[PDB]
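Residue numbers (the working numbering), protein chains in the order written: chain A, 1136 to 1228; chain B, 476 to 530; chain C, 4 to 60; chain D, 19 to 304; chain E, 20 to 171; chain F, 9 to 59; chain G, 23 to 55; chain H, 11 to 172; chain I, -9 to 179.
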């Protein structure tokens, strides 16, 4: 999930890794100890926030989503360029 | 000592919550207020010159 | 600080301007410098829309 | 080794001479010129350069023609008249990177030290910076491909030291200086969207084309960092930056007070002279 | 030494209890352990202040990470009383703990979330992230654009 | 009876519940930034029109 | 200064009906309230 | 009241009306209702007693307006008993009529019979400021901008003849 | 009254003890704690003349010490002595209200939330009187923000520094806006 409330909780980690709640602190401590993730969470209730990460293998849904979000970003920058430049070029030049 | 304004802090009796805060940009509102107060005399003096030259 | 440093004399200007009104003795214009100060101050206004575009998309 | 380089417009105007002395023969191939500079200091500074007869073949790409006697004679005479500049590398005007450039650059890799490569365009239609410093160094690849010549992009800047700014400014008489203010800023704020739109839009087409219709692996490993950096901004909700918008908007209010108050001060001489001058000129006109 | 080098994982010292016991038992190497424990009080200060030194040093290591370890639960996993943890905080007041945030109602501590001046902190982070995306995006774009040229 | 078909609310255990009260989500600061940019365009226009 | 006479007249005139001074009554209201 | 005028005519002319014209601010119904007709001769004998018979019912409106300038939330005993009106119906009704105006905000609550309220009338400081004074910036820059036109055109009207 | 060092017993207009007795009100009320600590507390004038009347020392150390238990019990002497004077009587209402709101701003300045127990025991007065006191001094006096009464504990916020420190110029902006509208009225007429 690249967007749409990336913030998560330990229920998915404990559910997918069949581990108890007392070991998730050592799990994220080892995750930060390896050095592949720099996740720092300022949570109050138990939550799981992550940071920069690399797939390193493959992602096809992120290639298609890369084309969708990339074309959306490009047409939005173009829409702002034509919007501002449209009348701005005619009134200021 | 808080009434003496030696540090940032405030007391509490009902809840006992301690809060420490500060306002760094002090030189903005002072210079701005001085510009407004000094320019008020400019506009008033202008109204005195125009009010003198007209009526 | 320079604006106030000029306004401290601009407070004394309406006296002479209220006494003589004939001839100019000070070679300083006191206007184009403040216009230039406004030009340097318009960078915030011109770049505010830039930050609006960077934040927006 | 080298973090940034300095390229003077004299060599690119020498490429303009390369496009001037053609003679309408109909070849206009990638004429290779011998780039000169100062390799002593860590930063690279190109002062001037010269040319060398370079001709390729139509069908076979591996054909390359250089000259050692002309290079040693131009370098000997140029070093005799100016010993402060020596050979550093070369440059070609071809917009496409051919495979023969490893053999062309390999000669100046054996005889000369590490040569820098610069790719430019034959037509001044590219809006981007025409100069790209490509260092000739061998890098180890993670996938296991054999070690080959790799062209790493080194940043470049176009600046003049003492006189070329005066000469260019005198020959143009149309370009403007920095001139901080309204026009020089709003022009950038209007055309910058096209300055990024033509480059990014021009790149994503061949990119998306070579994603599905691509072969001959192009080091797909860097694409993970590409989309990763593209995903380093996952549409922040701007919740925490609201106070920053209050700070920047407060500075905007400061600019409002400065504009209204300062312009109100400027209105003094106008809104006074307009009366005292018109009434006295009218009462004393006749 | 490797566990004390860096990235000290939160582990139980009971596994090290028998390691120190056999460290006193074996005589082939590091033999003068009884000479280390020669004095009746010096060895007790070295042991108590040693376990204190690591139980504070690991706090100094995890203080860099902003993961909010919730030391209230850590005191439960470590099976120790909160009074000596308050004494550990009495060692932090001289160990430069001025960059922290505590709570009156709960016991959770916060080593982050400052006043966050938008002109310095968010400005710096936005500079590194935005500019890093600008020049970093600039490298692989034309770099890959030059890598795809070899196919012709 | 008439207000149950006119207002269209929920009927709890002998109590009237109120929904959709102060539940509106604030803006994402995207549109007001665009209208602020347009206002800046109007500021360069009106402030610099005669020139 | 006639600007302050609005508040001074507001509280002064407001207390003109009853509890004008009220400072002498606190000494008797301490033990009773 | 009389602040900038010092003459011994409006004082004696205003003495009978003084105690009541100050009594309007506090707004006591039962006592001042008898105080008016107690010694009231001239101001009620002026004729047809129209504006004063409307004032006797305007005391509650000036009082509830003094509440509008006063705290917003209404209690069940303290301020309801203080205003001599113990009725949770017209209290919440009039307060709701003050909520629909848009100048202030309030709320209603019922847990054990008393009317509770969070009484959070905190100003827009650090609470959506851009949407708060956005129209203030646009409007102030529009008025000051047409003022810039009002300092650019008169110079043209000056140099028009020369 | 900063030059009181050069003053002497002048039987012409006012005695020295009457001059100090008259300036102790404008100095005790019209000044804040830093102004007193810099002007009078640092100066030896009040330190020398406090031995004349022991009451003034009580009204100065009690106000500076924030002890209302003796301040309200002994304030009746200030109320009775404040009036029955030639020039100081007609203004006796301003010193009372100004001093009460000054003390309420003094104690309420360093205190964010205040329960009715510590306030009622500190001031030594019933809650029913301070209720209408604060009720009249929040709207009429305009000293702080909205008061809290959900738990019978006075709890204010006072956001008068961060945003209001910049909003102190909006009054000169509106009055200056009407003044430049008048400037537009001077145009052509």
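The C-beta atom is built at its ideal place from N, Cα and C for all residues, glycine as well.
Item	Value
Proximal residues of chain F, C-beta to C-beta of residue 255 of chain D below 8 Å	36
Cβ-based burial, residue 63 of chain E [other Cβ within 10 Å; buried from 16]	exposed
Of the residues E:88, E:128 and E:158, the one placed nearest residue 1163 of chain A, counting alpha carbons only	E:88
DSSP bridge partner residues for residue 4 of chain I (one or two, in chain order)	I:0
Cross-chain neighbours of residue 275 of chain D in chain I, by beta carbon under 8 Å	159 and 163
Bridge-paired residues (DSSP) for residue 63 of chain D	D:24
Boundaries (first-last residue) of the beta strand (DSSP E) holding residue 55 of chain D	50 to 55
For residue 104 of chain I, the three-state DSSP class (helix, strand or coil)	strand
Chain-ordered neighbours of residue 129 of chain H on chain I, where CB pairs are closer than 9 Å	136, 137, 138, 139 and 140
Residue 90 of chain E, buried or exposed, once every other Cβ within 10 Å from all chains shown has been counted against 16	buried
Residue 73 of chain I to residue 30 of chain H span [Cα, whole Å]	27 Å
Buried or exposed by the 16-neighbour rule on C-beta atoms within 10 Å, applied to residue 519 of chain B	exposed
DSSP bridge partner residues for residue 486 of chain B (one or two, in chain order)	I:101
Supposed contact pair residue 157 of chain H and residue 170 of chain I - C-beta distance, whole angstroms, cut 8 Å	5 Å
Residue 148 of chain E classed as buried or exposed, judged by whether at least 16 other C-beta atoms fall within 10 angstroms	exposed
Under 8 Å between C-beta atoms of residue 135 of chain D and residue 123 of chain D	yes
Residue 1180 of chain A at chain E interface by Cβ criterion, 8 Å	no
Where residue 1215 of chain A meets chain C, residues with beta-carbon distance less than 9 Å	56, 59 and 60
Sheet register partners of residue 129 of chain E (DSSP bridge)	E:120
Any C-beta of chain D under 8 Å from that of residue 141 of chain H	no
At least 3 beta-carbon pairs within less than 8 Å: the segment 18 to 28 of chain H vs the segment 50 to 64 of chain H	yes
Segment contact flag, the segment 42 to 59 of chain C with the segment 185 to 202 of chain D, C-beta cutoff 8 Å, min 3 pairs	yes
Simplified DSSP assignment, three categories, for residue 177 of chain E	Nothing can be reported for residue 177 of chain E: it is not among the residues displayed for chain E, which extend from 20 to 171.
Interface partners of residue 280 of chain D on chain C, CB under 9 Å	6, 37, 38, 40, 41 and 44
Closest residue to residue 147 of chain H among D:271, D:69, D:246 and D:48 (Cα-Cα distance)	D:271
Beta-carbon spacing of residue 23 of chain G, residue 87 of chain I below 8 Å	no
Residue of F:40, F:31, F:55 and F:13 minimising C-alpha distance to residue 144 of chain H	F:40
Extent of the continuous beta strand (DSSP E) run through residue 72 of chain E	Per DSSP, residue 72 of chain E belongs to no beta strand (DSSP E); it is in the alpha helix (DSSP H), 61 to 81.
Any chain A beta carbon closer than 8 Å to residue 223 of chain D	no
8 Å Cβ cutoff met for residue 37 of chain F and residue 256 of chain D	yes
For residue 7 of chain C, the three-state DSSP class (helix, strand or coil)	helix
Nearest-angstrom Cα separation, counted from residue 21 of chain C out to residue 28 of chain C	15 Å
Proximal residues, the segment 19 to 51 of chain F versus chain C, C-beta separation under 8 Å	37, 38, 41, 42, 44, 45, 48, 49 and 51
Inter-residue Cα distance where the pair is residue 143 of chain D and residue 219 of chain D	16 Å
Between the CA atoms of residue 104 of chain D and residue 98 of chain D - distance to the nearest angstrom	11 Å
Counted within 10 angstroms of its Cβ, other Cβ atoms place residue 1210 of chain A as buried (16 or more) or exposed	exposed
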